[PDB]
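Asker: Have a look at this one.
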Amino acid sequence: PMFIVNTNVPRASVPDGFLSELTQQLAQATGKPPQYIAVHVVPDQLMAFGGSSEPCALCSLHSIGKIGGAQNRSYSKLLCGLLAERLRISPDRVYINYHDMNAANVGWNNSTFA
Amino acid sequence: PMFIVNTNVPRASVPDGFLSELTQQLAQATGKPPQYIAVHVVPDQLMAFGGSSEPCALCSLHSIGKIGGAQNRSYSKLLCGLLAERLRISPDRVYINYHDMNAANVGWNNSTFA
Amino acid sequence: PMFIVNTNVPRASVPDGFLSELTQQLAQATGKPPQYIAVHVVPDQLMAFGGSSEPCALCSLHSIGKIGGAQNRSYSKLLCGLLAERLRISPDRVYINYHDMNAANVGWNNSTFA
Ligand SMILES: [Cl-]
Ligand SMILES: [Cl-]
Ligand SMILES: [Cl-]
Ligand SMILES: [Zn+2]
Ligand SMILES: [Zn+2]
Ligand SMILES: [Zn+2]
């Protein structure tokens with residue numbers, strides 16, 4: 001699984017340990033081994049949410065399976081909770097795009113996951 | 001809706017007011033309230049288009065609905081127009097990926113839009 | 001085609017000529033004319049792969065057609081080879097999301113490709 005967060009929160013406001021915490025919690029939530037989880041945080045962005053530039057986040061989760069109505073609600077609770085607690089971003093100023101990928105459509109290690 | 005523009009135009013060449021203009025113009029175009037529009041501009045990027053490093057932009061629009069043949073043509077004219085007028089990017093050096101998202105695949109406020 | 005690479009490798013470790021090499025080799029691999037190939041490289045990123053901050057890359061390839069199981073394997077071999085040779089990233093620390101786009105969902109030059 002691949003989780004990306006783009007935010008206007010400054011770099012110095014991203015606490016030490018954040019990438020590891022995302023990795024750990026997404027392994028737990030998706031049920032995939034942590035070795036297969038990738039995370040990426042992009043602070044200091046020029047962005048607005050609903051016309052204002054208070055803290056906000058635009059995110060994505062790509063996964064080979066483990067995407068669906070109830071799963072995605074659970075991911076969103078987890079991820080908005082982390083963004084609120086660690087980055088002080090209100091949950092109502094977070095969007096997360098969920099993308100269910102076919103194995104043949106994910107490249108890795110000179111091939112695909114097919 | 002979520003609109004992202006990645007460009008090699010320098011930060012100083014992005015006008016004050018550009019995020020607000022994008023927000024207003026996208027609210028009008030999608031028919032959705034401004035409160036639901038998120039915009040993100042990423043200048044100073046290392047990019048090329050057709051092998052050239054003249055000004056260019058790589059963009060995306062995600063929306064729950066309001067995506068389709070005619071609508072996307074209209075969005076492309078609007079958005080290329082804004083990129084030309086405000087960032088001085090030629091329309092033939094812009095790509096916009098349109099993604100129609102299901103409500104269950106968009107996280108927001110500790111849940112999804114389903 | 002649009003190819004994006006996000007990496008924790010520093011900017012100074014991205015060799016001169018890399019965007020041009022990507023452009024040329026993607027044109028060949030995809031069959032598409034070079035004028036339609038867009039490339040974007042984003043160094044210095046705060047990312048982890050498998051919980052580790054060793055060099056890694058998170059990438060995407062969008063194309064109107066030319067996406068499929070054998071093609072994607074071929075792209076992955078090409079692109080992981082380039083990331084290994086030029087950026088010193090292990091192929092087993094690269095993910096590439098492949099997205100086959102409908103022509104009507106790609107904006108360019110004030111319109112779409114439909
Ligand atoms: Cl996304
Ligand atoms: Cl996109
Ligand atoms: Cl992607
Ligand atoms: Zn997306
Ligand atoms: Zn896309
Ligand atoms: Zn994607």
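Labeling convention for the structure tokens: chains A, B, ... as they appear, residues from 1 per chain, ligands from 1 in order of appearance.
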Per residue of chain B within 10 Å of ligand 4, what are the shortest atom pair and its distance in Å to one decimal, counting only C-alpha atoms and all ligand atoms, with rows by chain and residue number, as JSON lines?

Answerer:
{"residue": "B:2", "atom": "CA", "partner": "ligand 4", "partner_atom_place_in_ligand_line": "1 (Zn)", "distance": 9.5}
{"residue": "B:60", "atom": "CA", "partner": "ligand 4", "partner_atom_place_in_ligand_line": "1 (Zn)", "distance": 8.1}
{"residue": "B:61", "atom": "CA", "partner": "ligand 4", "partner_atom_place_in_ligand_line": "1 (Zn)", "distance": 8.6}
{"residue": "B:62", "atom": "CA", "partner": "ligand 4", "partner_atom_place_in_ligand_line": "1 (Zn)", "distance": 6.7}
{"residue": "B:63", "atom": "CA", "partner": "ligand 4", "partner_atom_place_in_ligand_line": "1 (Zn)", "distance": 9.8}
{"residue": "B:97", "atom": "CA", "partner": "ligand 4", "partner_atom_place_in_ligand_line": "1 (Zn)", "distance": 9.1}
{"residue": "B:98", "atom": "CA", "partner": "ligand 4", "partner_atom_place_in_ligand_line": "1 (Zn)", "distance": 9.0}
{"residue": "B:99", "atom": "CA", "partner": "ligand 4", "partner_atom_place_in_ligand_line": "1 (Zn)", "distance": 6.6}
{"residue": "B:100", "atom": "CA", "partner": "ligand 4", "partner_atom_place_in_ligand_line": "1 (Zn)", "distance": 9.1}
{"residue": "B:101", "atom": "CA", "partner": "ligand 4", "partner_atom_place_in_ligand_line": "1 (Zn)", "distance": 8.2}
{"residue": "B:105", "atom": "CA", "partner": "ligand 4", "partner_atom_place_in_ligand_line": "1 (Zn)", "distance": 9.9}
{"residue": "B:106", "atom": "CA", "partner": "ligand 4", "partner_atom_place_in_ligand_line": "1 (Zn)", "distance": 9.7}

Asker: Output as a list in words the set of chain C residues within 7 Å of chain B, with distances taken over only C-alpha atoms.

Answerer: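 So the residues of chain C near chain B are residues 19, 20, 23, 34, 35, 36, 37, 38, 39, 40, 41, 42, 104, 105, 106, 107, 108, 109, 110, 111 and 112 of chain C.
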
Asker: Would you list the contacts of residue 89 of chain A as a list in words, taking every protein, DNA or RNA residue within 6 Å and counting only C-alpha atoms, but skipping same-chain residues closer than 2 positions in sequence?

Answerer: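 Neighbouring residues, sequence-local ones excluded: residues 55, 56, 83, 84 and 87 of chain A.
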
Asker: Take the residues from that selection and put them in a file with C-alpha atoms, as a PDB file, in the first residue's frame.

Answerer:
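Final output, saved to out37.pdb:
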ATOM      1  CA  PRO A  55      -4.305  23.641   8.004  1.00  0.00           C
ATOM      2  CA  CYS A  56      -5.599  21.049   5.543  1.00  0.00           C
ATOM      3  CA  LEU A  83      -3.537  14.043  11.059  1.00  0.00           C
ATOM      4  CA  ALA A  84      -5.549  15.737  13.822  1.00  0.00           C
ATOM      5  CA  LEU A  87      -0.407  17.725  12.507  1.00  0.00           C
TER       6      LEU A  87
END

Asker: What are the DSSP strand (DSSP E) residues of chain A, as a PyMOL selection string?

Answerer: chain A and resi 2-7+38-42+46-49+57-63+94-100+106-108+111-112

Asker: As a VMD selection string, please: every residue in chain C that DSSP puts in alpha helix (DSSP H).

Answerer: chain C and resid 18 to 30 69 to 87

Asker: Rounded to one decimal place, report the atom CA of residue 44 of chain A-atom CA of residue 13 of chain A distance in Å.

Answerer: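 A separation of 9.8 Å between them.
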
Asker: I'd like the interatomic distance between atom CA of residue 28 of chain B and atom CA of residue 86 of chain B, to a tenth of an Å.

Answerer: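 Atom-to-atom, atom CA of residue 28 of chain B and atom CA of residue 86 of chain B are spaced 18.3 Å apart.
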
Asker: Rounded to one decimal, what separation in Å do you get between atom CA of residue 65 of chain C and atom CA of residue 113 of chain C?

Answerer: 11.9 Å
